[PDB]
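Here's the structure, in structure tokens; my notes come after.
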Amino acid sequence: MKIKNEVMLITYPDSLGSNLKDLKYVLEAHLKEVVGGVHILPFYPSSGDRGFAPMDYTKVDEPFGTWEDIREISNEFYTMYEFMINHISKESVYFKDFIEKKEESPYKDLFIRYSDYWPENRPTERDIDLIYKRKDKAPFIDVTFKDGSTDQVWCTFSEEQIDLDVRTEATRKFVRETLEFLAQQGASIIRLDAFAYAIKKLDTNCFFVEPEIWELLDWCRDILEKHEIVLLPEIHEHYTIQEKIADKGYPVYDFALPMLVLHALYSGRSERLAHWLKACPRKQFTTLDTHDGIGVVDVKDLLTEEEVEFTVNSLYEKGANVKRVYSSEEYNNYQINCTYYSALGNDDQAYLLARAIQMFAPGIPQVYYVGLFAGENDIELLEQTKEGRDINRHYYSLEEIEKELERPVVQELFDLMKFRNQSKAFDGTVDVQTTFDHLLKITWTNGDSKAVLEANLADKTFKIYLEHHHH
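Per PDB author numbering, the sequence shown runs over residues 1 to 333, 337 to 474.
See the structure below:
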């Protein structure tokens, strides 16, 4: 199914019932009106980071179901699957073949060896300090080959995740074939996880390295264009990097909206949110919640330092069942572990207003499954796992879902989503206005049709208006 200008669900393969068969039942039985698309988070066999250390793209991890189950969901909903362009599991056949056969491995060129990458008398202390690091150490792990020789391989994230070398014909063949395989399982979008990390180059920070990153993105886009599949480069960065990707014609994520909407609702102010809604790229995937925590670095310069501090303290002070310790190292964590609904104090009025803003914001709205069901902080699972992120990764039963559908806030959110999916106005052009300091008007116009949101951020009341003029 081709991408449409309709809400996309974000879910785990096993978070809505048990597996992909349950996911398909929940979509067809409850969600046909309210989502046109589904982002299934990585469902390949993985050796860590719940899907983000994949071993093999050519199979569905057996507990979730099969590729056939994914294909049936693709027939009714436009689908987004993940490709990890930056790295693959140490538990992959590809890496295990490299450790065994070394120079005789057909997969040796998929990985970046320290001995091969650094010229003589390098790296210097400066070389290592220049690298944008996500941990305290240089981004390398030791390996021992079968033949007893030793080296280091580039490793950006966890020791489960070995970086691919996108400079080599071997990596290009792996990526090309995987993108072709994913194209053939019905994807309308491919999300490129951590794509900004994929370029390693001497005398650079190895982060969003120009011009090579444009070569890499265009090369992938070229492979998918022939199937009318969209490439979605995923980055959590300053909004100027989103603007630069959008300039090269790609869709981007709006990871700024979540904190801009929290700040607007806590402060009762429309100014910062109206600025972003006017200036943001028109081709984007908007978010309040994702599978991850609420991102604060993403809203840098779109709120002042004091506005960010006020918003983070409002979340902890007004949030429903949220503690500072849940986003500390005690729970394995700048991102805040909190459901969006619990971030607004489980306030139905403020939450619906947040979702109405999201529906009217430039882009395709993405609705994380926990937010779909106005999910509150899962303290039970958080304590069971000690994963801070789990506060916002509740596992719903089919029975639990049937009960969530009876909440007025959930029924009201479904009506909002159906309206955003059905109303021609959203396929037109958008006009943003503010009156005084607390009011926000968003008008979509498409020919004889106009859709309007009038929101008072101070009293959290709002009006939705649709008209068809026939003259």
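From the three backbone atoms N, C-alpha and C, an ideal C-beta is built for every residue, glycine too.
| Check | Outcome |
| --- | --- |
| Rounded C-alpha distance that separates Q185 from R410 | 35 Å |
| Cβ neighbours of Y94 in the same chain (closer than 7 Å, five flanking residues each side left out) | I88, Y107 and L110 |
| DSSP bridge partner residues for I367 (one or two, in chain order) | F285 |
| Endpoints, alpha helix (DSSP H) assigned at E457 | Unbroken run through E457 is the beta strand (DSSP E), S452 to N459; no alpha helix (DSSP H). |
| For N449, the residue or residues it bridges with in DSSP | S452 |
| Cβ shell of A428 (< 8 Å), same chain only, five flanking positions each side left out | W447, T448, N449, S452, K453, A454 and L469 |
| Contact under 8 Å by Cβ, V261 with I360 | yes |
| Three-state secondary structure assigned by DSSP to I189 | strand |
| Reduced DSSP secondary structure (H/G/I, E/B, other) of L202 | coil |
| Sub-8 Å separation of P233 and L192 beta-carbons | yes |
| Opening and closing residue of the alpha helix (DSSP H) in which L273 lies | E271 to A279 |
| Distance between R167 and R122 (C-alpha atoms, nearest Å) | 20 Å |
| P119 burial status per 10 Å Cβ neighbour count (16 or more: buried) | exposed |
| Nearest-angstrom Cα separation, counted from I99 out to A346 | 46 Å |
| Cut-off 8 Å between Cβ atoms - residues of its own chain near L419, not counting five sequence neighbours on either side | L355, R358, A359, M362 and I467 |
| Rounded C-alpha distance that separates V297 from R221 | 28 Å |
| Straight-line gap, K137 to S158 (C-alpha atoms, nearest Å) | 12 Å |
| Contact under 8 Å by Cβ, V153 with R113 | yes |
| 8 Å Cβ cutoff met for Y331 and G249 | no |
| Alpha-carbon to alpha-carbon, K444 and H472 | 20 Å |
| Status (buried if at least 16 other CB within 10 Å, exposed otherwise) for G374 | buried |
| Buried versus exposed call for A29 [16 or more other C-beta atoms within 10 Å across all chains shown] | exposed |
| For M420, the first and last residue of its enclosing alpha helix (DSSP H) | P411 to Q425 |
| Beta-carbon proximity check, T437 vs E271, cutoff 8 Å | yes |
| Within 8 Å, strictly: CB atoms of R134 and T156 | yes |
| Limits of the unbroken beta strand (DSSP E) element including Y266 | Taken as a continuous stretch (DSSP letters only), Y266 belongs to no beta strand (DSSP E), being part of the alpha helix (DSSP H) at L257 to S267. |
| Residues that DSSP places opposite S314 in a beta bridge | Per DSSP, none; premise fails for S314. |
| Residue nearest to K283 in terms of C-alpha spacing, selected from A264, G268, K24 and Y253 | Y253 |
| Start and end residues, beta strand (DSSP E) containing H39 | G37 to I40 |
| Length of the line joining the Cα atoms of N5 and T432 | 13 Å |
| Contact check, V7 vs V370, beta carbons under 8 Å | yes |
| DSSP three-state assignment for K96, whether helix, strand or coil | helix |
| Residues near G51 in its chain [Cβ-Cβ closer than 6 Å; skip 5 each side] | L41 and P42 |
| Short Cβ contact (8 Å threshold) for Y326 with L257 | no |
| Terminal residues of the beta strand (DSSP E) in which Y78 lies | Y78 to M84 |
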